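In: Fold the stuff below for me.
(6 chains)
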Amino acid sequence: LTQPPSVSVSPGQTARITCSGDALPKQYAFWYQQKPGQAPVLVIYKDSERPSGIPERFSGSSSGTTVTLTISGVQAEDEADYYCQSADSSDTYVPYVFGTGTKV
Amino acid sequence: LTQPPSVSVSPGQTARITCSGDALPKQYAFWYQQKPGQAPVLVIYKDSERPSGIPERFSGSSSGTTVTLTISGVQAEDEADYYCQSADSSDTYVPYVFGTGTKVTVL
Amino acid sequence: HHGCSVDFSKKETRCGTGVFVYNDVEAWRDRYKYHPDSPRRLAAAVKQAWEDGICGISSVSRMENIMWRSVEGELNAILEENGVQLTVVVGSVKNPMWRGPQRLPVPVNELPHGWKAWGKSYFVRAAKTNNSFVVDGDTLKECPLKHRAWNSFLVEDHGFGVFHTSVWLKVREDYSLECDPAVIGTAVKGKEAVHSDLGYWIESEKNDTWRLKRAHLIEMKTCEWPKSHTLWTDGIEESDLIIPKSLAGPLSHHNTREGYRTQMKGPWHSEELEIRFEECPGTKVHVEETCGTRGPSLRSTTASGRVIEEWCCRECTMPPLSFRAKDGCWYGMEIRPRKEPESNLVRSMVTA
Amino acid sequence: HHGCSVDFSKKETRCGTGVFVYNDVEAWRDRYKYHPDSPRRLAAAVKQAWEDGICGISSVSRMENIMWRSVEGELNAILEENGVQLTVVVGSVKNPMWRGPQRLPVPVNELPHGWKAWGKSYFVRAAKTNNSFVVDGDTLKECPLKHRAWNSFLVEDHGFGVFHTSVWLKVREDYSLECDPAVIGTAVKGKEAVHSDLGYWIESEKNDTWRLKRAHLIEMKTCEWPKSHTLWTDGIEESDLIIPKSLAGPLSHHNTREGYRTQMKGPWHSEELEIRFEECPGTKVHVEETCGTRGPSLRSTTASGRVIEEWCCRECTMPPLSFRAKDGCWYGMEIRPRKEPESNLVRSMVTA
Amino acid sequence: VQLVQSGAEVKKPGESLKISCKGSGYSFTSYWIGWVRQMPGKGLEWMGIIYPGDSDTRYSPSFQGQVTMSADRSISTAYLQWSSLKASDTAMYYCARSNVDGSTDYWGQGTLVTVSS
Amino acid sequence: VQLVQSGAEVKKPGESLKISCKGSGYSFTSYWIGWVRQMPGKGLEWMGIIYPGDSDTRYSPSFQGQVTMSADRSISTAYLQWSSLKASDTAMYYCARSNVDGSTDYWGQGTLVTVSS
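Out: Residues are numbered from 1 along each chain as shown, chains lettered A, B, ... in the order given. The coordinates are given below.
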């Protein structure tokens, strides 16, 4: 639900992005990267795993009611927006909800 | 127990000495080598095994009521008298019997 | 050992001598009356453990918890005739029963006051103190799981038997991770096997290979099943055992079913489970490659009572794997809903 | 399965449901009406095996020999009626029961003439014939062990334990070296275990480690004990098993005694054995270093009847291993006489 | 796998509009289809999901009634319909393939809708 | 481990004789002691065994009465005594150590006995 509106680092450093929500302990979380001009791309799924085709410098972790996305070896090709997706149970509505964003 | 009186072989091949007895299926057999001028030496015990300090060309085997001792490669120092010892059960006498003796010559 | 038996399928009655393993799990009751070594040797060992930085006790099984509850009153009657400021407080158990790092010590000498022979007719009820020695309860804040003794009792050599009412226990001198062998019974006869103890009853059969048939657990232990009491322990992959090894599952070829791996994320929070191979009431399962992958176990009814009727799996065999707890029916780790989003289902929140 | 166990010195009965394993070795030879698959189907299988070069049968156990003796008379009725010239001749068994390389074939057509339902009331004795199908006897010259079928039958459903119960046999389609698992019962409970079948009864206890306690054998089989019916099968050296694996000994840590190795040269020619750990009447054993090494097992009495009184061994543990047959005491392979020469004793002439 | 959307649309307020999202390469009726909005220079929002085969729709509370989602399992196409476009409907619309566990696998190239006057 | 015999003897018929075989290096009272004869240019023949401690003697039938085998536990010495030497007593006499399983392990050097007038 909540994200930090902007972070800024220098090449070679390691940046950490924070997603916070109440239902996170009992629900999965996914992270999406969106470079300007294109469609979102899935980078992290089920709070820790990586799809095949993503550089091994992308990782995430879950600690209670917070999930963090960390970018270890930051190059130049990482200036995008990162979005957090989680869920909350329902019966007649769509369960999913997006985070606010982070302009790295 | 009965043995061949003599065995003659040139250096290099094998020599086979047989010892025949009726109670050999039920008893152990042993082989002794005695060179002229010395005391006998155990060579093959329990008709299959070899004591320490004996060359690996010495081996034996048994087949029913006969037992044989074989020397793989005859050497000039392997000519002597060879005796087989076996036993027969008793209660008051000595159980052990010696064979007759096989004179091996390395030509 | 003598006895007579009746078989109700191949109608037959027989008598003779032999070895008999009984089902004490179904209809478990107050069949046994448990006591520790001596009333003054347990008080001395509890006093010493408090002065060595041990806070409380984590219980291995339900049996030890019931034993602690019965002895608690008499234990506090002693420890005041010696002036000790210490009170034993016994609570209830929650599944799973997690391990503990410490063990209870063996006192060099007993406390020099009191009585022998557990079960004095009348004693004055002791008064509360400031210091508490908590036995497993909801007390993980006053002292955490890292200061708690676990698995420090052993059943005595003749302390157990078929015609026994009282079981004699004793503080062990060694350190172990194994489940107590005095109360384990394993047997196979023909095409049926069992691995059993005071809280487990695990059955097997022979169809084309040996597989799990059904299990009935009334506790979730975390000790290790000894290999002397296990059938067919060799050539076993630890990742094929339905009941995980960390939950006192036997390391046996009997603990397997074709198409299923270890259920580390089953509903091990329940007070009682039954592991069955069939569909739950109202739901059906299909096998297809469009299904998802393994995750935590899911209940077949939502938190509001609605029943999800279609499920799938990738490479599992029929009938499916189910857990039957008192709150409901739950599916195996491999079986996922076909149409309903998983965020709308109740999921298991524990891991072995 | 319900059953109930009784304690005579207490007038008390405890019971419930479970798995019961019975001692069927101390008393056997009841009346069973055997049912090899079919009279016209066993006739076809025996006939076809004679044309494929199989001469006779090497029996696997005493159960199969008894079954062949009951069926023999009716089996020759059915063959001199379809016009086959063949006679079945059943003889006694000798220990050990060595393996054969062949197996009986599953027939194709089930010969036309004859009757179903094993056990007709009155038929006519069949005339003798030149050809002779030989079931295990002293007939190793008629046709040798290399031309003999072995382990061709599987038990399908038995009413063992009670007399006058039919047990159904069937000719197997595959080839196997293991003992039939339909009649095997294994059970451990606390500190005592048993491995058993229709001819073996092998006990274990826990002193400081699990070890052998005693064994009673009313036959010497040569099949392989299946690992599904065995406790503690991993980390086992085959040279530490007291009963050799080639004599249908279980591959278990329960088959071990400390200080002793496998007894391949025990007196396995006896008709019935009992394996005790106890000195024999009138003899003493001392642990020394001047003693000999292992050899064939020796009887404690010479061929006259004189008792040898002093024995030794190198690295044993007391009490010593012994065998008790009708002839008398034999000692373990590691235990040799201390003064009397070994050529004056009776030694065993078989090996496994 | 592939999802193909329609072209950019330039519309006036007050009329209807259908945008489509055709999919191919997989079992179209075994997966959900989600609709995501992205206003110019803003973040992502969920407009709900539809399950083809049996056109089960689960809207978002801030979108029900104001938009209609529909599916046509014969041609493997999922639609999205307005009745009277307003000036606040200028955005980019993405169709996506949602799984039962919740991950969004494939995204369409997007349809840019502009409402002006 | 060694057995040491006594020296060679030359004697006239009708006298007596006693030859010894002193064992050392091992326990003398845990093994049998054998005596073996070998006439000049002939094979070996057993003379029977004696067990020191339980001083049991088991003669060969060809030698009983003719020769007397004795022992001496304390000094670890075995003996072989004649009462009246005959001309046919010229031979070689070996003492040896016999195991219970029947293998003769160690031998002494031997003792010449020459009988003449």
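In: which residue packs closest to the residue sitting nearest the centre point of chain A, ignoring adjacent ones?
Out: Nearest to the mean C-alpha position of chain A, counting by C-alpha atoms, centre = their mean, stands residue A:31 at 3.2 Å. Using C-beta to C-beta, 6 or more residues apart in numbering or on different chains and skipping residues adjacent in sequence, the residue nearest residue A:31 is residue A:44, 3.9 Å away. C-beta here means a position set from N, CA and C on the backbone, and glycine is covered the same way.
In: Would you mind identifying the next helix or strand past whichever strand or helix holds the one you found?
Out: Residue A:44 belongs to strand A:41-44 when assigned by DSSP states H and E. Sequence-wise, the next helix or strand downstream of strand A:41-44 (DSSP H and E) is strand A:58-62.
In: Which elements pack onto that next one?
Out: Packing partners of strand A:58-62 (3 or more C-beta pairs under 8 Å, 6 or more residues apart in numbering or on different chains; DSSP states H and E): strand A:41-44, strand A:66-71.
In: closest to residue D:36 out of those?
Out: Judged by C-beta to C-beta, the one of these that comes nearest to residue D:36 is strand A:41-44, at 66.9 Å.
In: in the stretch 251-352 of chain C, what residue is nearest chain D?
Out: Here the stretch 251-352 of chain C gets closest to chain D at one residue, residue C:253, 6.9 Å apart by C-beta to the nearest C-beta.
In: who touches the residue nearest to residue A:31 in this structure?
Out: Residues in contact with residue A:44, defined by C-beta atoms under 8 Å, 6 or more residues apart in numbering or on different chains, are A:30-31, A:50, A:58-60, A:69.
In: can you rerun that using 7 Å?
Out: Going by C-beta atoms under 7 Å, 6 or more residues apart in numbering or on different chains, residue A:44 touches A:30-31, A:50, A:58, A:60, A:69.
In: For residue 75, which non-adjacent residue is closest in space?
Out: With no chain named, the answer covers chain A. Once flanking residues are discounted, residue A:75 sits nearest to residue A:11: 6.5 Å by C-beta to C-beta, 6+ apart.
In: that's the wrong chain, I meant chain E
Out: That would be residue E:22: by C-beta to C-beta, 6+ apart, it lies 7.3 Å from residue E:75.
In: Name every strand pairing with the helix or strand hosting that neighbour and say which way it goes.
Out: Using DSSP H and E, residue E:22 sits in strand E:17-24. According to DSSP bridges, strand E:17-24 forms sheet pairs with strand E:2-5 (antiparallel), strand E:77-82 (antiparallel).
In: Tell me who's in contact with residue E:35.
Out: E:47-48, E:69, E:80, E:93, E:95.
In: Distance of the residue nearest to the spatial centre of chain E relative to residue C:108?
Out: Closest residue to the average C-alpha location of chain E: residue E:35 at 3.9 Å, with C-alpha atoms, centre = their mean. Using C-beta to C-beta, to the nearest Å, we find residue E:35 at a distance of 76 Å from residue C:108.
In: Nearest to chain E: which residue in the stretch 1-150 of chain C?
Out: Relative to chain E, the nearest point of the stretch 1-150 of chain C is residue C:96 (25.9 Å; C-beta to the nearest C-beta).
In: I'd assumed residue C:232 was in contact with the residue of the stretch 251-352 of chain C closest to chain D.
Out: Yes - with contact defined as C-beta atoms under 7 Å, residue C:253 and residue C:232 form a contacting pair (4.3 Å).
In: The two - which one has more neighbours?
Out: Ranked by neighbour count (other C-beta atoms under 10 Å in any protein chain shown), residue C:253 and residue C:232 place residue C:232 first, with 25 against 22.
In: Residues of chain E that sit close to chain A?
Out: For chain E, the residues in contact with chain A (C-beta under 7 Å from any C-beta of the partner chain) are E:43-46, E:48-49, E:58-61, E:94, E:101-104, E:107, E:109-110.
In: Return the members of those classed as buried.
Out: E:43-46, E:48-49, E:58-60, E:94, E:101-104, E:107, E:110 (16 or more other C-beta atoms under 10 Å in any protein chain shown).
In: how deep is residue C:313 tucked in, by neighbour count?
Out: Here the number of neighbours of residue C:313 (other C-beta under 10 Å) works out to 24.
In: check contacts around it.
Out: Residue C:313 sits next to C:285, C:287, C:291, C:334-335 when contact means C-beta under 7 Å, 6+ apart.
In: likewise residue E:95?
Out: With C-beta under 7 Å, 6+ apart, residue E:95 has these contacts: E:3, E:5, E:21, E:33, E:35, E:78, E:108.
In: try 10 Å
Out: E:3-6, E:19-23, E:33-36, E:47, E:50, E:78-80, E:106-111 (C-beta atoms under 10 Å, 6 or more residues apart in numbering or on different chains).
In: Now do residue A:57 against chain D, distance only.
Out: Distance, residue A:57 to chain D, by C-beta to the nearest C-beta, to the nearest Å: 44 Å.
In: Same check on residue A:43?
Out: Computed as C-beta to the nearest C-beta, the residue A:43 to chain D distance reads 45 Å.
In: How about residue A:21?
Out: Distance from residue A:21 to chain D, by C-beta to the nearest C-beta: 48 Å.
In: re earlier: I'd guessed the residue of the stretch 251-352 of chain C closest to chain D sits against residue C:242; true?
Out: No - assessed by C-beta atoms under 10 Å, residue C:253 is found out of contact with residue C:242, at 11.5 Å.
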